[PDB]
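Reviewing the structure listed below.
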Amino acid sequence: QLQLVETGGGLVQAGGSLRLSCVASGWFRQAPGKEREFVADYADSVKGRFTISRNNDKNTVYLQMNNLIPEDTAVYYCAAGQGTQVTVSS
Amino acid sequence: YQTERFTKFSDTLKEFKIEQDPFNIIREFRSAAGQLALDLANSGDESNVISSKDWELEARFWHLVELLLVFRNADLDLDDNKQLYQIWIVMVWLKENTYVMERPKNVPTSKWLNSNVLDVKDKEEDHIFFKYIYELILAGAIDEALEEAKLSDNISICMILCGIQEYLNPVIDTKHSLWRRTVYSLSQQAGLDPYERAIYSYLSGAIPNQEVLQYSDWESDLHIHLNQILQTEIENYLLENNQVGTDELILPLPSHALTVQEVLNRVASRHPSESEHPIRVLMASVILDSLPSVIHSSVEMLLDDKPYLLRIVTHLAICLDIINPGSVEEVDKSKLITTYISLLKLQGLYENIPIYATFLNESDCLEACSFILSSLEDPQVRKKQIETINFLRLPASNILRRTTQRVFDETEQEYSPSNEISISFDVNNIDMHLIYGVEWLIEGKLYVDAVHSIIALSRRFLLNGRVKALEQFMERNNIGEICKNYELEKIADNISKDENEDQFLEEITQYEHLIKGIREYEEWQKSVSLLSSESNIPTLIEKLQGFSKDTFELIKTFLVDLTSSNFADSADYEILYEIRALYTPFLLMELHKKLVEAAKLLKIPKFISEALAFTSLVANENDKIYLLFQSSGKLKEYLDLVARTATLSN
Amino acid sequence: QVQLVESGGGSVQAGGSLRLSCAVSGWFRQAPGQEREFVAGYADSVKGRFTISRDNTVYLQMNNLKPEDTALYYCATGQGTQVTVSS
Amino acid sequence: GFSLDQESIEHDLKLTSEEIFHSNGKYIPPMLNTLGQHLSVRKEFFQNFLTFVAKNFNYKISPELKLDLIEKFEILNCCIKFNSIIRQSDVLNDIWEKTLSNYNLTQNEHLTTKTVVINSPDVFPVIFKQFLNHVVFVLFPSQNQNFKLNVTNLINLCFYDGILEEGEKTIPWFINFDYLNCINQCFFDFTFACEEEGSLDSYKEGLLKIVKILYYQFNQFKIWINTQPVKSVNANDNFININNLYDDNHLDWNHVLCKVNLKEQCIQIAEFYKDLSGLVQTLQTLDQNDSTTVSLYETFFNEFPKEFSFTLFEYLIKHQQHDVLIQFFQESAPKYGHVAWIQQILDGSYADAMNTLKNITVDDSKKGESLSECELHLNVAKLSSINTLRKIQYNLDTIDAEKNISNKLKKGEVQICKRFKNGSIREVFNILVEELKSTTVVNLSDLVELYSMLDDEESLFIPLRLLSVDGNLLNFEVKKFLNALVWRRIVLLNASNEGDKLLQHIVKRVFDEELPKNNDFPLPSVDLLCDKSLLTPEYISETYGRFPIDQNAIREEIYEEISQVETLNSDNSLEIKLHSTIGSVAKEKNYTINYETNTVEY
């Protein structure tokens with residue numbers, strides 16, 4: 001029963017920032033209706049705006065999202081997660 | 001939702017069509033098979049895993065196929081070896097999506113608690129932590145193996161993690177030629193657990209003992225040939241480069257890498273009861289692109305079947321024809337467009353648009369567009385859903401024409417009994433569906449090709465009950481379109497406008513006149529003994545029945561004869577001569593039918609007699625009522641029906 | 001460069017059994033005079049008596065052999081192996 | 001010889017028996033009263049002896065002559081018993097006897113009536129007939145119950161003379177005359193009781209009639225068998241004369257009265273009488289033609305029973321289509337008349353074709369209700385598909401003409417032919433109004449005569465169209481006389497309507513409808529119109545034979561109608577007045593004058 005605790009999601013405005021922290025108790029996205037697509041290698045729709053980082057030798061993943069738009073409002077899941085909602089209002 | 005697997009697939013396809021960015025047709029395939037295997041494992045009965053195991057494997061294959069189609073196509077002109085890159089695409093799906101046992105519970109605090117001083121259960125607790133670490137490293141868990149190696153006081157395994165981290169810094173570069181020959185010699189030394197003995201050979205590209213492979217699954221079994229080719233292709237190119245030197249070399253390595261087919265000849269031979277499963281052997285055909293070679297081979301041994309395979313092979317071609325134009329075989333394409341529309345019978349109500357994305361030639365020609373004329377019967381839901389998918393004009397003129405001409409050959413047996421009765425219940429139950437395809441095609445310009453279908457069934461009535469009278473009621477259920485066909489007819493140019501507009505207007509007058517006589521004859525027969533003793537209302541109603549009939553006869557005789565005599569289109573005249581000759585005798589008996597029921601009142605005797613006696617007398621000036629007896633055979637019938645008035649009127 | 005090596009052919013009595021092995025190295029049948037026909041899917045004349053199996057290897061267990069099966073058998077993905085059944 | 005000597009001894013016994021049947025020497029006449037009963041019982045007993053002794057003993061017609069001589073004395077004896085009942089009635093009998101008295105004294109002197117019954121009292125039937133003739137003013141004069149209560153006794157007295165014929169084993173002119181003159185008065189009985197009927201009261205005299213019908217039946221059905229036997233035996237028809245006159249007239253009148261009596265009867269009584277008495281098969285059948293019911297129970301059994309009824313076949317001609325084809329129309333009967341349209345018989349039937357040809361040829365004489373034949377001539381033409389062209393022309397012309405004529409007539413669109421005034425010579429106006437009012441123009445026989453009536457020029461114009469279309473029937477003389485009368489009416493109207501404007505529409509209507517090409521229409525002329533060479537008494541009596549007016553009046557009317565024009569045509573102006581007109585009209589039209597025969601060409 002290895003777990004994946006994700007936190008940091010929330011509701012921001014168009015142009016705001018967020019910081020998703022993922023601690024593996026032991027980054028893909030899914031929009032409302034579409035299929036799970038990979039976000040972070042970087043997706044073509046988030047290259048230059050999202051930054052990924054990892055602690056060397058540890059099982060932790062941080063995603064800093066700057067310049068958020070209404071096309072990034074979805075549920076983010078972790079993979080190596082239950083899901084964390086990240087909405088951006090227009 | 002979950003039950004309708006096909007419906008979910010259709011929705012993904014529809015979204016792509018609306019957009020018409022091309023790699024999204026297969027990515028949606030990962031959201032269907034996943035939620036299915038999740039809906040049988042999140043909550044419910046545990047025995048549903050016998051069917052959820054089929055969904056737990058159909059979703060990992062769609063992940064492996066998404067990296068192979070984007071590498072051989074999306075070659076952007078950004079800032080060498082194109083066949084060696086397939087090994088990396090095989091390692092991503094072989095490492096991320098693998099089985100991993102969780103961390104062991106009840107880990108001992110200190111070491112050797114039961115204490116050759118250790119019991120038999122001590123080397124097992126040491127091998128238990130040895131197998132928990134020997135598995136995480138094979139799946140790419142460095143981030144986890146690095147912490148796992150430090151956590152269990154398992155420092156004996158950390159010396160190779162950086163050696164791999166040093167081998168990972170050399171792989172990103174794309175000396176260590178001597179370090180590859182020491183671990184292989186370390187695999188020949190005695191004194192090692194079975195799990196650690198297989199870990200030293202897997203990283204270098206060697207084959208360990210068969211006792212460690214017995215446990216190994218035939219699916220995993222494929223990583224043996226994958227790591228050997230990498231250890232040999234780098235030593236070959238590494239050898240070619242010779243960036244270590246001859247001295248740096250110690251032992252000769254099998255630098256002769258084989259192909260995929262020589263490796264597949266051994267993975268399906270070690271554990272064939274599961275390595276040749278129908279959902280795992282599809283990855284070799286993606287490297288060969290032979291679509292109809294795995295499904296058309298299960299239709300010959302009918303003496304001794306899998307719906308998940310037909311939905312993927314057919315969905316592949318709509319993408320294969322799109323990924324590379326004509327990548328799917330043209331014979332296989334039309335064979336996949338036909339096998340899909342036929343197998344989609346239980347779900348054919350919603351997929352009446354997804355089959356148009358790969359129209360190709362089965363849709364431009366009258367091939368895949370004639371099957372819809374077999375289900376469109378009564379429900380108005382499927383008739384309106386086909387209006388989308390950007391299909392109209394000639395396709396609407398080829399589905400409506402294939403709907404009325406394909407049932408005309410089945411009524412050929414309805415023209416043989418020219419002098420007997422027949423079974424007309426099927427015609428009175430299937431031709432009703434033969435008028436909804438034209439009534440739904442509300443096109444004022446495509447009205448000439450369908451307005452003659454009813455008149456083409458007047459001769460199938462023959463004697464006894466007539467089918468045109470019931471057909472006249474189907475047209476009354478959708479009249480008013482005559483106003484839409486008369487206004488739209490003055491939009492397109494026509495040369496023979498003096499004969500095409502006169503036949504449609506005359507047929508509507510005779511049919512409406514026919515539908516009126518049928519309802520007038522149904523109200524007098526349903527009268528029977530109406531009004532009871534108060535026949536005063538009948539004394540005026542029967543008077544109206546006897547006037548409306550004596551007028552209807554002289555009027556129906558003038559509508560059929562209004563076709564004049566000599567006309568070029570005499571084929572339309574030889575067919576209407578019998579229907580006019582068949583509506584004559586039924587009228588004289590209705591007045592005489594007031595001598596069986598209205599004979600209790602001596603009032604229809606002196607009236608209905610002379611009214612029907614002269615009905616043949618004046619039927620001798622307009623060319624002797626033509627010869628309606630010559631077109632039906634009813635001559636002595638008129639001679640006896642009227643002759644009976646000589647024993648009642650006197 | 002590739003093909004098939006086959007082994008296991010021979011001469012048996014009517015009703016006996018043989019085991020054709022075929023591997024790539026390093027089913028069809030032809031009677032004398034007639035044209036080559038596919039054996040194993042399975043032909044109608046061998047269904048229930050011949051069993052095909054595969055681990056690029058293919059084995060054909062021929063049980064209840066009859067004189068009509070006397071032919072040269074060839075592997076395909078071979079040079080031919082004679083299988084003769086005497087009445 | 002021996003049978004003649006025995007017959008002589010029997011005749012002497014018969015004379016003494018006649019005296020003994022009316023008076024007997026041994027008995028004391030003074031004792032009691034007139035022993036007519038004993039005088040009769042004596043001869044009655046002696047009759048049993050005569051029968052038992054003369055067992056067989058038949059020679060030629062001597063036994064039949066003796067059996068006939070028996071009824072000369074046995075029948076009279078049953079009258080005095082009525083007298084006894086009449087002696088119970090007294091006042092009637094005394095008034096009767098006294099009347100009889102005067103009768104004899106006026107008829108044969110002999111001291112009025114003395115009830116000695118000398119010479120067998122044969123005059124008893126003559127007295128009975130005189131009394132029956134006087135009862136039509138004496139009792140018809142008296143109430144039905146009175147005369148009804150009276151006639152019952154005479155009925156019961158007469159009905160006692162048939163039980164002796166079945167007792168003598170019954171197997172000459174005297175036998176035919178023994179009871180035949182009484183038929184001259186028997187017919188005065190039933191009516192006298194039946195005319196009163198239930199005396200205008202049925203709910204109480206139904207039984208009074210049911211108790212009396214027996215006497216009428218027994219009189220009629222028995223007296224009727226004597227005629228045909230006497231007639232076949234006597235063969236008087238030759239002489240015939242007063243015997244036949246009485247006989248045959250009485251026979252017809254009795255057939256009329258026996259059938260109504262058969263109708264007014266109790267259930268199956270006439271049916272039994274029809275079977276019992278083989279006579280008046282038609283009157284029997286009239287009672288039997290489903291008078292009671294159409295029930296298949298009794299009717300099929302009565303029907304099937306006829307068997308040898310050839311006569312029944314004539315029954316079907318009363319007023320169907322039963323009797324198992326009944327050999328078609330009773331072997332197609334004889335002259336069908338209207339039954340001929342029925343003789344279609346679900347077949348083309350050549351006779352049925354001749355039948356409508358017979359319907360036109362039967363419109364020739366005393367016909368009616370042509371709308372049948374009119375629709376049935378068209379119908380028979382349809383059934384068929386020389387005579388065909390003639391039939392088509394007859395159908396078309398007669399039908400269209402009768403229709404237009406009845407319409408215009410009943411319509412009265414054209415008010416009147418002005419010239420006629422107060423002339424007997426022509427009641428054709430009233431005859432034609434009557435014809436048009438009913439019976440499909442009363443079959444419309446005088447199609448010729450119809451056109452003669454002219455009231456508006458438009459109504460008069462058509463005639464020559466029928467004349468040039470279907471005028472292949474009458475003689476040339478008849479057709480020319482028609483055309484001449486027409487032209488004469490035209491001239492009399494055109495000289496009056498200033499300008500002679502009547503011909504200017506007809507000369508155009510005859511050429512715009514193309515009548516000369518399909519009709520060799522003879523050209524009218526002064527000589528053609530003033531042509532009295534076709535005026536003969538035979539043609540007059542043939543054409544105007546319906547109206548029973550003197551032919552002299554019609555001849556005078558026709559001579560005046562001809563001479564008016566013969567005098568008005570001064571210098572023969574009419575000639576030019578026609579020639580110029582017709583020739584100016586038929587000029588631009590494909591028409592030329594054929595002065596060789598006074599016709600029109602092209």
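If you're wondering about the labels, chains in the structure tokens are A, B, ... by order shown, residues count from 1 in each chain, ligands from 1 in order shown.
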Find the spatial neighbours of region 45-53 of chain A, counting only C-alpha atoms, within a cut-off of 6 Å - ignore same-chain residues fewer than 3 positions away - and output them as a short mmCIF file (atom, residue, chain, number, x, y, z; two decimals) with C-alpha atoms, in the first residue's frame.
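As a result, out-v1.cif now contains:
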data_model
loop_
_atom_site.label_atom_id
_atom_site.label_comp_id
_atom_site.auth_asym_id
_atom_site.auth_seq_id
_atom_site.Cartn_x
_atom_site.Cartn_y
_atom_site.Cartn_z
CA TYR A 42 7.50 18.76 -21.19
CA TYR A 62 7.64 19.71 -7.52
CA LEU A 63 5.87 21.51 -10.38
CA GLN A 64 5.87 25.32 -10.49
CA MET A 65 3.20 26.68 -12.85
CA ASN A 66 3.68 30.30 -13.91
#
Near chain B, which residues of chain D fall within 12 Å when you count only C-alpha atoms, and what do they look like as a short mmCIF file (atom, residue, chain, number, x, y, z; two decimals) with N, CA and C atoms, in the first residue's frame?
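Saved result, part17.cif, follows:
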data_model
loop_
_atom_site.label_atom_id
_atom_site.label_comp_id
_atom_site.auth_asym_id
_atom_site.auth_seq_id
_atom_site.Cartn_x
_atom_site.Cartn_y
_atom_site.Cartn_z
N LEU D 316 -95.13 -19.91 -62.99
CA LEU D 316 -94.05 -18.94 -62.82
C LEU D 316 -94.29 -17.62 -63.55
N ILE D 317 -95.35 -17.53 -64.35
CA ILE D 317 -95.60 -16.35 -65.17
C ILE D 317 -96.57 -15.42 -64.45
N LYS D 318 -96.68 -15.58 -63.14
CA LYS D 318 -97.60 -14.73 -62.38
C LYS D 318 -96.93 -13.42 -61.98
N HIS D 319 -95.79 -13.51 -61.30
CA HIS D 319 -95.09 -12.32 -60.84
C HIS D 319 -93.61 -12.60 -60.67
N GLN D 320 -87.06 -14.25 -57.81
CA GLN D 320 -87.51 -15.54 -58.30
C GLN D 320 -86.32 -16.45 -58.54
N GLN D 321 -86.36 -17.17 -59.66
CA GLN D 321 -85.24 -17.97 -60.15
C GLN D 321 -84.91 -19.12 -59.19
N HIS D 322 -85.87 -20.02 -59.03
CA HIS D 322 -85.75 -21.18 -58.18
C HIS D 322 -85.92 -22.44 -59.05
N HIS D 338 -91.07 -9.16 -71.64
CA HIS D 338 -90.08 -8.60 -70.72
C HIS D 338 -89.21 -9.66 -70.06
N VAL D 339 -89.72 -10.89 -69.92
CA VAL D 339 -88.98 -11.98 -69.28
C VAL D 339 -87.70 -12.26 -70.06
N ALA D 340 -87.55 -11.58 -71.19
CA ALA D 340 -86.44 -11.80 -72.10
C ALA D 340 -85.16 -11.14 -71.59
N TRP D 341 -85.27 -9.95 -70.99
CA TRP D 341 -84.14 -9.40 -70.25
C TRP D 341 -83.76 -10.30 -69.09
N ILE D 342 -84.74 -10.98 -68.48
CA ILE D 342 -84.41 -11.95 -67.44
C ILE D 342 -83.77 -13.18 -68.04
N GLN D 343 -84.15 -13.54 -69.27
CA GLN D 343 -83.57 -14.68 -69.97
C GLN D 343 -82.09 -14.48 -70.30
N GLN D 344 -81.48 -13.40 -69.82
CA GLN D 344 -80.02 -13.31 -69.83
C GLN D 344 -79.41 -14.55 -69.22
N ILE D 345 -79.89 -14.93 -68.03
CA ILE D 345 -79.60 -16.22 -67.41
C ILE D 345 -78.10 -16.42 -67.25
N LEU D 346 -77.38 -15.34 -66.93
CA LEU D 346 -75.94 -15.37 -66.72
C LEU D 346 -75.22 -15.93 -67.94
N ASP D 347 -75.71 -15.57 -69.13
CA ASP D 347 -75.11 -16.02 -70.38
C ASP D 347 -75.28 -14.93 -71.42
N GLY D 348 -74.40 -14.96 -72.43
CA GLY D 348 -74.57 -14.07 -73.56
C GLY D 348 -75.93 -14.23 -74.20
N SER D 349 -76.32 -15.47 -74.47
CA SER D 349 -77.67 -15.82 -74.93
C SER D 349 -78.06 -15.10 -76.21
N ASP D 352 -81.33 -13.63 -75.91
CA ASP D 352 -81.29 -12.36 -75.18
C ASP D 352 -80.88 -11.21 -76.08
N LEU D 371 -87.81 2.42 -70.49
CA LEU D 371 -86.55 2.66 -69.79
C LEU D 371 -85.85 1.34 -69.47
N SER D 372 -86.62 0.29 -69.20
CA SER D 372 -86.04 -1.04 -69.13
C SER D 372 -85.38 -1.39 -70.46
N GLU D 373 -86.19 -1.54 -71.52
CA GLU D 373 -85.64 -1.84 -72.84
C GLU D 373 -84.61 -0.80 -73.27
N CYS D 374 -84.81 0.48 -72.92
CA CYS D 374 -83.84 1.50 -73.30
C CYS D 374 -82.48 1.21 -72.68
N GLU D 375 -82.45 1.06 -71.35
CA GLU D 375 -81.21 0.65 -70.69
C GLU D 375 -80.80 -0.76 -71.09
N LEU D 376 -81.78 -1.62 -71.40
CA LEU D 376 -81.49 -3.00 -71.76
C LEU D 376 -81.17 -3.18 -73.23
N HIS D 377 -81.59 -2.26 -74.10
CA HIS D 377 -81.07 -2.29 -75.47
C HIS D 377 -79.60 -1.88 -75.48
N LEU D 378 -79.25 -0.83 -74.73
CA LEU D 378 -77.85 -0.48 -74.55
C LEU D 378 -77.09 -1.62 -73.87
N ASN D 379 -77.71 -2.24 -72.87
CA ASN D 379 -77.06 -3.34 -72.16
C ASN D 379 -76.83 -4.54 -73.07
N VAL D 380 -77.79 -4.83 -73.94
CA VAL D 380 -77.66 -5.97 -74.84
C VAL D 380 -76.64 -5.67 -75.94
N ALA D 381 -76.56 -4.41 -76.36
CA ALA D 381 -75.50 -4.01 -77.28
C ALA D 381 -74.14 -4.23 -76.64
N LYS D 382 -73.99 -3.84 -75.37
CA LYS D 382 -72.76 -4.12 -74.65
C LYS D 382 -72.49 -5.62 -74.56
N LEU D 383 -73.53 -6.41 -74.29
CA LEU D 383 -73.37 -7.85 -74.16
C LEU D 383 -72.89 -8.47 -75.46
N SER D 384 -73.42 -8.01 -76.59
CA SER D 384 -72.93 -8.48 -77.88
C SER D 384 -71.49 -8.06 -78.11
N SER D 385 -71.18 -6.78 -77.87
CA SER D 385 -69.82 -6.29 -78.03
C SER D 385 -69.59 -5.03 -77.19
N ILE D 392 -77.75 -0.07 -83.22
CA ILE D 392 -77.03 1.07 -82.64
C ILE D 392 -77.74 2.37 -82.98
N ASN D 395 -81.04 2.56 -80.91
CA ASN D 395 -80.72 2.93 -79.54
C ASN D 395 -80.43 4.42 -79.44
N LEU D 396 -79.41 4.89 -80.17
CA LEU D 396 -78.99 6.28 -80.05
C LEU D 396 -80.14 7.24 -80.32
N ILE D 399 -83.31 6.89 -77.87
CA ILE D 399 -83.01 7.28 -76.50
C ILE D 399 -82.84 8.79 -76.40
N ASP D 400 -81.95 9.36 -77.23
CA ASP D 400 -81.72 10.80 -77.15
C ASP D 400 -83.00 11.58 -77.44
N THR D 440 -91.65 5.81 -68.73
CA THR D 440 -90.54 6.06 -69.65
C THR D 440 -91.08 6.55 -70.99
#
Closest atom pairs, residues of chain A within 10 Å of chain B, only C-alpha atoms, as CSV:
residue,atom,partner,partner_atom,distance
A:1,CA,B:102,CA,6.4
A:2,CA,B:102,CA,6.5
A:24,CA,B:144,CA,9.5
A:26,CA,B:103,CA,8.2
A:30,CA,B:31,CA,9.5
A:33,CA,B:31,CA,9.7
A:34,CA,B:28,CA,7.2
A:35,CA,B:28,CA,5.1
A:36,CA,B:31,CA,6.5
A:37,CA,B:27,CA,7.4
A:38,CA,B:27,CA,10.0
A:54,CA,B:143,CA,9.6
A:55,CA,B:143,CA,9.2
A:56,CA,B:143,CA,8.0
A:57,CA,B:143,CA,5.3
A:58,CA,B:143,CA,5.4
A:59,CA,B:143,CA,5.5
A:60,CA,B:143,CA,8.7
A:79,CA,B:96,CA,9.2
A:80,CA,B:96,CA,7.3
Distance of CA of residue 213 (chain B) from CA of residue 198 (chain B), expressed in Å to one decimal place:
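CA of residue 213 (chain B) lies 8.6 Å from CA of residue 198 (chain B).
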I'd like the contact shell of residue 344 (chain B) - 12 Å cut-off, only C-alpha atoms, skipping same-chain residues fewer than 5 positions apart - returned as an MDAnalysis selection string.
chainID B and resid 6:7 10 307 310:311 314 336:339 349:352 354:355 371:372
Would you mind exporting the chosen residues as a PDB file, in the first residue's frame, restricted to N, CA and C atoms?
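The file below, part-v4.pdb, is the result:
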ATOM      1  N   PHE B   6     -17.977   0.513 -26.605  1.00  0.00           N
ATOM      2  CA  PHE B   6     -17.958   1.014 -27.976  1.00  0.00           C
ATOM      3  C   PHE B   6     -18.356   2.485 -28.048  1.00  0.00           C
ATOM      4  N   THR B   7     -19.345   2.867 -27.249  1.00  0.00           N
ATOM      5  CA  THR B   7     -19.827   4.245 -27.235  1.00  0.00           C
ATOM      6  C   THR B   7     -18.741   5.221 -26.797  1.00  0.00           C
ATOM      7  N   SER B  10     -16.349   5.833 -29.596  1.00  0.00           N
ATOM      8  CA  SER B  10     -16.974   6.662 -30.621  1.00  0.00           C
ATOM      9  C   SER B  10     -16.890   8.148 -30.286  1.00  0.00           C
ATOM     10  N   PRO B 307     -14.195 -10.170 -29.029  1.00  0.00           N
ATOM     11  CA  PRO B 307     -14.675  -8.857 -29.493  1.00  0.00           C
ATOM     12  C   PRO B 307     -13.710  -7.712 -29.239  1.00  0.00           C
ATOM     13  N   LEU B 310     -11.491  -7.090 -32.597  1.00  0.00           N
ATOM     14  CA  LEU B 310     -12.099  -6.469 -33.767  1.00  0.00           C
ATOM     15  C   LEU B 310     -12.249  -4.964 -33.594  1.00  0.00           C
ATOM     16  N   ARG B 311     -12.440  -4.498 -32.359  1.00  0.00           N
ATOM     17  CA  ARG B 311     -12.582  -3.070 -32.106  1.00  0.00           C
ATOM     18  C   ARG B 311     -11.258  -2.325 -32.188  1.00  0.00           C
ATOM     19  N   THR B 314      -9.945  -2.554 -36.266  1.00  0.00           N
ATOM     20  CA  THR B 314     -10.718  -1.636 -37.096  1.00  0.00           C
ATOM     21  C   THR B 314     -10.417  -0.186 -36.741  1.00  0.00           C
ATOM     22  N   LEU B 336     -12.213  -3.935 -43.494  1.00  0.00           N
ATOM     23  CA  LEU B 336     -12.391  -3.450 -42.133  1.00  0.00           C
ATOM     24  C   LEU B 336     -13.585  -2.518 -42.002  1.00  0.00           C
ATOM     25  N   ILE B 337     -13.911  -1.768 -43.057  1.00  0.00           N
ATOM     26  CA  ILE B 337     -15.090  -0.914 -43.017  1.00  0.00           C
ATOM     27  C   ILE B 337     -16.362  -1.749 -43.096  1.00  0.00           C
ATOM     28  N   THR B 338     -16.294  -2.917 -43.735  1.00  0.00           N
ATOM     29  CA  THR B 338     -17.448  -3.803 -43.831  1.00  0.00           C
ATOM     30  C   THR B 338     -17.585  -4.722 -42.624  1.00  0.00           C
ATOM     31  N   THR B 339     -16.467  -5.174 -42.052  1.00  0.00           N
ATOM     32  CA  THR B 339     -16.541  -6.022 -40.866  1.00  0.00           C
ATOM     33  C   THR B 339     -16.934  -5.222 -39.633  1.00  0.00           C
ATOM     34  N   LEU B 349     -26.709   1.938 -33.670  1.00  0.00           N
ATOM     35  CA  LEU B 349     -27.583   3.103 -33.617  1.00  0.00           C
ATOM     36  C   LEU B 349     -26.811   4.410 -33.452  1.00  0.00           C
ATOM     37  N   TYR B 350     -25.649   4.380 -32.796  1.00  0.00           N
ATOM     38  CA  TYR B 350     -24.876   5.590 -32.550  1.00  0.00           C
ATOM     39  C   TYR B 350     -23.662   5.734 -33.456  1.00  0.00           C
ATOM     40  N   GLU B 351     -23.132   4.629 -33.979  1.00  0.00           N
ATOM     41  CA  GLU B 351     -21.963   4.649 -34.850  1.00  0.00           C
ATOM     42  C   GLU B 351     -22.321   4.903 -36.309  1.00  0.00           C
ATOM     43  N   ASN B 352     -23.491   5.477 -36.574  1.00  0.00           N
ATOM     44  CA  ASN B 352     -23.907   5.808 -37.929  1.00  0.00           C
ATOM     45  C   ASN B 352     -23.225   7.059 -38.469  1.00  0.00           C
ATOM     46  N   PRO B 354     -19.512   7.577 -37.205  1.00  0.00           N
ATOM     47  CA  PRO B 354     -18.076   7.268 -37.104  1.00  0.00           C
ATOM     48  C   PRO B 354     -17.538   6.469 -38.279  1.00  0.00           C
ATOM     49  N   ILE B 355     -18.405   5.834 -39.075  1.00  0.00           N
ATOM     50  CA  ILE B 355     -17.951   5.073 -40.241  1.00  0.00           C
ATOM     51  C   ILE B 355     -17.676   5.952 -41.449  1.00  0.00           C
ATOM     52  N   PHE B 371     -26.269  -0.298 -46.307  1.00  0.00           N
ATOM     53  CA  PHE B 371     -26.649  -1.065 -45.129  1.00  0.00           C
ATOM     54  C   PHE B 371     -27.590  -0.301 -44.209  1.00  0.00           C
ATOM     55  N   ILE B 372     -27.597   1.032 -44.280  1.00  0.00           N
ATOM     56  CA  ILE B 372     -28.505   1.814 -43.451  1.00  0.00           C
ATOM     57  C   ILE B 372     -29.950   1.661 -43.901  1.00  0.00           C
TER      58      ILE B 372
END
Quick check: residues of chain C within 9 Å of chain B, only C-alpha atoms, returned as a ChimeraX atom specification.
/C:41-42,54-57
Any idea what's packed within 12 Å of residue 1 (chain D), counting only C-alpha atoms, ignoring anything in its chain fewer than 4 positions away? Could you give it as a list in words?
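Here the answer would be residues 5, 6, 7, 8, 59 and 62 of chain D.
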What would the file look like if the residues just selected were written as a PDB file, in the first residue's frame with N, CA and C atoms?
ATOM      1  N   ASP D   5    -134.914 -57.445 -71.538  1.00  0.00           N
ATOM      2  CA  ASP D   5    -136.142 -57.797 -70.836  1.00  0.00           C
ATOM      3  C   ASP D   5    -136.018 -57.543 -69.338  1.00  0.00           C
ATOM      4  N   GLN D   6    -134.829 -57.744 -68.769  1.00  0.00           N
ATOM      5  CA  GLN D   6    -134.624 -57.400 -67.368  1.00  0.00           C
ATOM      6  C   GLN D   6    -134.625 -55.890 -67.168  1.00  0.00           C
ATOM      7  N   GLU D   7    -134.097 -55.141 -68.141  1.00  0.00           N
ATOM      8  CA  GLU D   7    -134.135 -53.686 -68.047  1.00  0.00           C
ATOM      9  C   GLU D   7    -135.562 -53.162 -68.149  1.00  0.00           C
ATOM     10  N   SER D   8    -136.421 -53.852 -68.903  1.00  0.00           N
ATOM     11  CA  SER D   8    -137.818 -53.439 -69.001  1.00  0.00           C
ATOM     12  C   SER D   8    -138.557 -53.682 -67.691  1.00  0.00           C
ATOM     13  N   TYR D  59    -123.821 -54.925 -69.073  1.00  0.00           N
ATOM     14  CA  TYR D  59    -123.886 -55.209 -70.505  1.00  0.00           C
ATOM     15  C   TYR D  59    -123.858 -53.880 -71.251  1.00  0.00           C
ATOM     16  N   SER D  62    -125.805 -50.554 -70.230  1.00  0.00           N
ATOM     17  CA  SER D  62    -127.059 -50.768 -69.521  1.00  0.00           C
ATOM     18  C   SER D  62    -126.837 -50.613 -68.021  1.00  0.00           C
TER      19      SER D  62
END
I want to know what sits within 7 Å of residue 77 (chain A), based on only C-alpha atoms, with residues of the same chain fewer than 5 positions away left out; could you give that as a list in words?
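Those residues are residues 27, 28, 29, 82, 83 and 84 of chain A.
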Length of the CA of residue 129 (chain D) to CA of residue 185 (chain D) vector [Å]:
5.7 Å
